[PDB]
Amino acid sequence: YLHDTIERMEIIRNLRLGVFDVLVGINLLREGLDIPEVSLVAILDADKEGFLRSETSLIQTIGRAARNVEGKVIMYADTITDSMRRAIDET
DNA sequence: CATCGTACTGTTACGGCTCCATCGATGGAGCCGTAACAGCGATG
């Protein structure tokens, strides 16, 4: 779980070393937070409107899972929006 | 939450400078007391 960059690099190193298997963050847009071993990312309450749920933010979060050869992105939402439709079409 | 702005203020260690408190003895000479040394006449 992530609550500055000083702790960010330590958390990234711990995740790479296998000390932690999963990571949870309130704002998943900090620079350098991507990892090459991540193969699955989930979006929770994506249907709720918010800045972090915009089309550009969704594309940015989806692009983090492209590092893995078999990386995939899953979504947990019962509703769709125009921004979601555009993001899925582009992907 | 990251980014930006024409050499910043106040309080402590450490080395160098300066002022202030606090702290009988030995040899020479004179004197006294004691020990030591020198220094008529009559007869056979």
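Residues numbered from 1 in each chain as written, not as in the entry; some residues may be left out. Chains lettered and ligands numbered in written order. Part of a larger assembly, values for the part shown. Heavy atoms only, no water. Residues with missing side-chain atoms left out of burial classes, pairs and counts.

Remarks on the overall build of chain A
Counting its secondary structure elements, chain A contains three helices and two strands. Helices and strands in chain A line up, N terminus first, as α-β-α-β-α. The C-alpha atoms of chain A give a radius of gyration of 14 Å, which matches the 12 Å a tight globule of 91 residues would have. Considering only C-alpha atoms, chain A reaches an extent of 40 × 30 × 20 Å along its principal axes. (Helix = DSSP H or I, 4+ residues; strand = E, 2+ residues; numbered from the N terminus. Rg over C-alpha atoms; globule rule 2.2 N^0.38 Å.)

What about the pairing of strand 2 (residues 72-76)?
Note that strand 1 (residues 40-44) and strand 2 share five bridges and pair parallel. Across the sheet, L44 pairs through a bridge with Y76, a residue of strand 2. Assessed by its sense of winding, the connection that carries the chain from strand 1 through helix 2 (residues 55-63) to strand 2 is right-handed. (Pairing = 2+ DSSP bridges. Right-handed = clockwise from strand over helix to strand, strands pointing away.)

Focus: unusual backbone geometry
In this model, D45 sits at a positive phi of 55°, which is unusual for a non-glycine residue. Structurally, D45 is set in the loop between strand 1 and helix 2.

Side note on the packing of helix 2 against helix 3 (residues 82-90)
One way to put it is that helix 2 packs onto helix 3 with a least axis distance of 9 Å and a crossing angle of 35°. Handedness of the helix 2/helix 3 crossing: right-handed. Facing helix 2, whose interface residues are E55, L58 and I59, helix 3 presents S83, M84, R86 and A87. Of the residues assigned to the contact of helix 2 with helix 3, the class counts are four nonpolar, one polar and two charged. (Axes fitted to C-alpha atoms, helices over the stretch in contact; angles between N-to-C directions. Left-handed = near helix turned anticlockwise from the far one by under 90°. Contact = heavy atoms within 4.5 Å. Nonpolar A, V, L, I, M, F, W, Y, C, P; charged D, E, K, R; others polar.)

Some details on helix 1 (residues 5-17)
For helix 1, built from 13 residues, the straight-helix expectation of 18 Å at 1.5 Å per residue is met to within 8% by its first-to-last C-alpha distance of 18 Å. Directly after helix 1, the chain includes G18, whose backbone phi takes a positive value near 85°. (Expected span 1.5 Å × (residues − 1).)

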